[PDB]
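Note that we place each Cβ from the backbone using ideal geometry, even for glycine, and neighbour counts take in every protein chain shown. Every read-out reported here was derived from the displayed coordinates using simple, explicitly stated rules and does not represent laboratory data.
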Ligand SMILES: [Cl-]
Ligand SMILES: [Cl-]
Ligand SMILES: [Cl-]
Ligand SMILES: [Cl-]
Ligand SMILES: [Cl-]
Ligand SMILES: [Cl-]
Ligand SMILES: [Cl-]
Ligand SMILES: [Cl-]
Ligand SMILES: [Cl-]
Ligand SMILES: [Cl-]
């Protein structure tokens, strides 16, 4: 029913030529006026894709490249993760936890969620490193998902579940990091998750390096604040089943932990998850938060 | 002629007839009476087009561009290994060895160490694997490994490779076999990762390997209580190095930011853009003493 | 000339019995109305002693025990060290340095000279240690002499030399630590000196342990503030010549420096000095401040 | 009788005729058909007065109170060494050895280690001594050293010392000779400093020795990469322990406050007040397993 009428695609001109752009968020709202995504993640994504593909055809428009689509599925996946996480802390009644969907480091460096005291220590570290004949640099990135535990960060609005997608609750789920900017105590993060389409070599390596970068950063903070009990775990979540070969490889030791006999041995990536269904998201978070 | 080349093959995997490039034969065929010189890119293209010509003459399927990109890497790596072999000779660096390493599956890095060091590592490795959650020590092989240990030099290493033959190619690609189980840990001078380009994935491979190799070396420094032993890791690109990539390659070695007494260092000490074969010499000149 | 008139001794009653107390400071003033102590330290001390002994005799008073005298010589030595140090920074024109004579830890814990930021880190360390099934405790002591470098701590009054002893300039030299309480940046201390009557076993051991206690404390601060360049040296100064046997023994490595291959090897006591003449005090300080 | 004792001597140093107590003869003489029991203080006084009586009968000079205080320490130490010998036997602790160590000048602590460990320490020691300003590794001997290594136990260690003879005393005071160069580093369980009192100087001796021994052990843990090896150091007083002294003995081991991953620990893990010989057993019971 009336597709030449969908808004999941838009025409626009650039240099007098007409181009077509997909509108991922309108696609979501249009297909989720009464429920949130359930069952197979890949199935919900294929549906959204085909939906946009049907709308393009009914409008007799130029068809978007595989690229445009591969990118849109990512934006949809990001929204799915964010929404599920938002409803997870609600149904699990985790009043002291925030599971935030983070954008890329250039959009909003997650480090900005840290309070002033913590950021100054990291800034002092950076300045220290960059002050050497041969320049060394502290380069960090953003985990796709952050699990934070700090009761005072919880607003009552966060406790209302999302039963259907709207421009408003989607925007709120994707800009949650803005509410806690500069408010997080360094030891309030409990974990970070790197979400990958698959464990293809390059993507598996990204999990490994990111885990080393973030965990060592936290280890540095533990020495600055002299808090041996502070803990930060880093996880990986693949959209494809995980093979033993990849699982084996994701057992690699965090490099900063093999130079001091007093540090507990630990992997760069504490564990790897396979997300097929939305329930797999809840299961992953269950293992991450506790038990 | 071209219908007779061996630089390309046709095999029957299960079902279809898949084609496969024979990188070393391409080399032996194009370099009969001399080793590659001048522009590295020129030689890579030359080798590439040669294959393409052969494939046309054979009237066989064209190998995928990805397949070419991979074979290009093998050629890049091998040609650099040959330069290094000859470099050691013309520079008369008797005590040094610039060894081309195979991939991890072919030969595990640790195997180069003598017994004293292997035992220390196996000990670190077993302690790791023995915890409620297993933590493994996974290592990688740097494309090139420079070591200084006088007693490992054979007189035949002093014979330059003036021509590429299935044989000159083998002495160079199996040189690592001669030193297996014989390297004192502090004999290692540096490792070098060779990439055709600093494409995101390849750049990260350099960053991780430097972290992997340097941390292991830092562990051994602790074990032997030798603060002075030094091990550097470098990267090399066949393409020019952008200011951006260079900045990304300044990333601090993670095991370096946990103790204030640690001299802060990069995961990759320096990146080199190898345009000509002379640039290879220039790189080695800096790596071995600058 | 008129001793039955000296004030270097005082009578007082306690429980209806009359007792005699030496007044070390009056002895100093009375014998240094026109000059500060010079030449042999032991000679200046013996003189002061005999002086008080002559005054006791001229007053026909009960004679003070060896103890009372051994204690008074210490108070005199403390004043001598303090005065010499005060004139040293003046004649050497060290406008950014303060060489302070410190009392015992119970009178005024030297740690109180540290700014708030530094003291909180140490308090957090203490609380951390004392919070274990088996209680561990951070117990520090006071070096007898502190060399501090922080320009903003210098007052013009400090730049007036002391040409003769008075109740006023002696009091100022012995309470200098009060002017800088809570004002010192942790990395502003450059050194501490433990002053010993001799290197008798127990006294030599005190230098060794104190050096380990203070240097490790500073090493802890270097990790908290992430300043690898901050330096703190600890020295010993004996009032007797130093034998090779004792010098050898005072080469013992600071125990906290032998567990990490990345830390520079260092002695618990960086060097030992022999103070015979007042010039030996200047020489010691010269080696401590620089060159 | 008393004019015949050998517990006291008269020697001609240069010039005068100085007297000298013979602590072991005092012991052999007072304990012919049984080892000391009951109150340690009682036995110390007994031994002391015995000497004093002998000195009177000999009509010789009275040794200084300081000299007595020192001989009191030797007796305290020795009697505790004998209890321990017998303790190991009655408890049937086959794998343990409770060794009385001589002073550093007589036998350097390190000498108890096997070759592998001595080499690691000599290496640490030479690296230290080789710097612009020499830094030495000076060690001390804990009065008692408890070790667990089954292959060092001789059947004759299982023979209790039922009487004090120049001979039972020697097996106990030379037991350390049997294990020289044979102790695996992680065979060390604990060390114990024995003081007649917690007088400031003696208290500090305990604090320093614990710092000295524990740091050395922590170095070896690093070298062997064995986080689990454990070494504790204890103090023991013949006098009761005041709340104040106990608090002073809570001082943190200095090598423990520099790395946040270090479990925080005391220089001296615990202090014991040995009033009776039974208290010695009680102490050993806690030290060996609690
Ligand atoms: Cl949209
Ligand atoms: Cl920051
Ligand atoms: Cl802090
Ligand atoms: Cl081939
Ligand atoms: Cl070794
Ligand atoms: Cl007075
Ligand atoms: Cl404080
Ligand atoms: Cl800080
Ligand atoms: Cl004797
Ligand atoms: Cl080992």
- Can you work out the FRET efficiency for the pair residue C:247 and residue D:130, with r the C-beta to C-beta distance and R0 = 22 Å, to the nearest 0.05? 0.75
- Query: With the contact rule set at Cα under 8 Å and sequence spacing of 6 or more, what percent relative contact order holds for segment A:214-288?
  - Reply: 33
- Item | On Cα atoms only, tilt of A:201-225 relative to the major axis of chain A in degrees | 40
- Query: Once the Cα atoms of chain B are picked out, what are the Rg and Dmax in Å?
  - Reply: 20.3, 65
- Message: Given R₀ = 35 Å, what would the calculated FRET efficiency be for residue A:198 paired with residue D:114, taking r from the Cβ atoms and rounding to 0.05?
- Response: 0.10
- the protein assembly as shown: antiparallel bridges as % of DSSP beta bridges, rounded to 5, reads 55
- Once label points are set 7 Å from the Cα along Cα→Cβ at both residue C:15 and residue B:69, what is their separation, rounded to one decimal in nm? 9.7
- Item | Distance between modelled label sites at residue A:134 and residue D:182, nm, 7 Å Cα→Cβ extension | 5.1
- Mean separation of Cα contacts under 8 Å (6+ apart) over length of chain B, as relative contact order %: 20
- Item | For C:245-258, mean number of other protein chain Cβ atoms within 10 Å | 6
- Residues B:237, C:6 arranged by fewest to most Cβ contacts within 10 Å: C:6, B:237
- The distance between the Cα centres of segment D:220-268 and segment D:33-71, in whole Å, is 35
- Message: With a 10 Å cut-off between alpha carbons and a GNM built on chain A, which of A:74, A:211, A:16 moves the most?
- Response: A:16
- Message: Sequence gap at least 6, Cα distance under 8 Å: using those rules, report the relative contact order of chain C to the nearest whole percent.
- Response: 19
- Under the classification rounded if a/c is under 1.5, otherwise prolate if a/b is larger than b/c and oblate if not, where does chain C fall, given a ≥ b ≥ c as square roots of the Cα gyration tensor eigenvalues? prolate
- Among beta bridges assigned by DSSP with both residues in chain D, the antiparallel ones amount in percent, to the nearest 5, to 60
- Message: On C-alpha positions alone, give me the angle between the axis of helix B:200-224 and the longest principal axis of chain B, in degrees, nearest 10.
- Response: 40
- Which percent, nearest 5, of DSSP beta bridges in chain A are antiparallel? 60
- Message: As a footprinting exposure proxy, order C:21, A:89 by other Cβ within 10 Å, with the fewest listed first.
- Response: C:21, A:89
- Enter the angle in degrees (range 0 to 90, nearest 10) between the Cα long axis of helix D:40-58 and the first principal axis of the Cα atoms of chain D, meaning the one along which they spread out most. 40
- Three-way shape label, segment D:87-127, alpha-carbon gyration tensor, a/c 1.5: oblate
- Query: At a Förster radius of 25 Å, what calculated FRET efficiency corresponds to the Cβ-Cβ distance of residue C:111 and residue A:227, to the nearest 0.05?
  - Reply: 0.70
- Message: Need the C-alpha centroid separation for segment B:7-21 versus segment B:159-198, integer Å.
- Response: 30
- 222 nm mean residue ellipticity, helices alone, for chain D (DSSP H n ≥ 4; -39,500 (n - 2.57); rounded to 500): -13500 deg cm²/dmol
- Message: Just to confirm my numbers, what's the Cα centroid distance between segment A:95-116 and segment C:215-291 in Å?
- Response: 46
- Task: Using a/c under 1.5 as the rounded threshold, could you call segment C:239-291 rounded, prolate or oblate? The axes a ≥ b ≥ c are square roots of the C-alpha gyration tensor eigenvalues, and prolate needs a/b larger than b/c, oblate otherwise.
- Result: oblate
- For the pair residue D:242 and residue C:51, the simple spin-label estimate (label points 7 Å beyond Cα toward Cβ) gives in nm 3.6
- Projected area averaged over orientations for the protein assembly as shown, convex hull of C-alpha atoms, nm²: 64.8
- Item | Shielding by other protein chains, A:137-146, mean Cβ within 10 Å | 2
- Can you put A:14, A:181 in order, fewest other beta carbons within 10 Å first? A:14, A:181
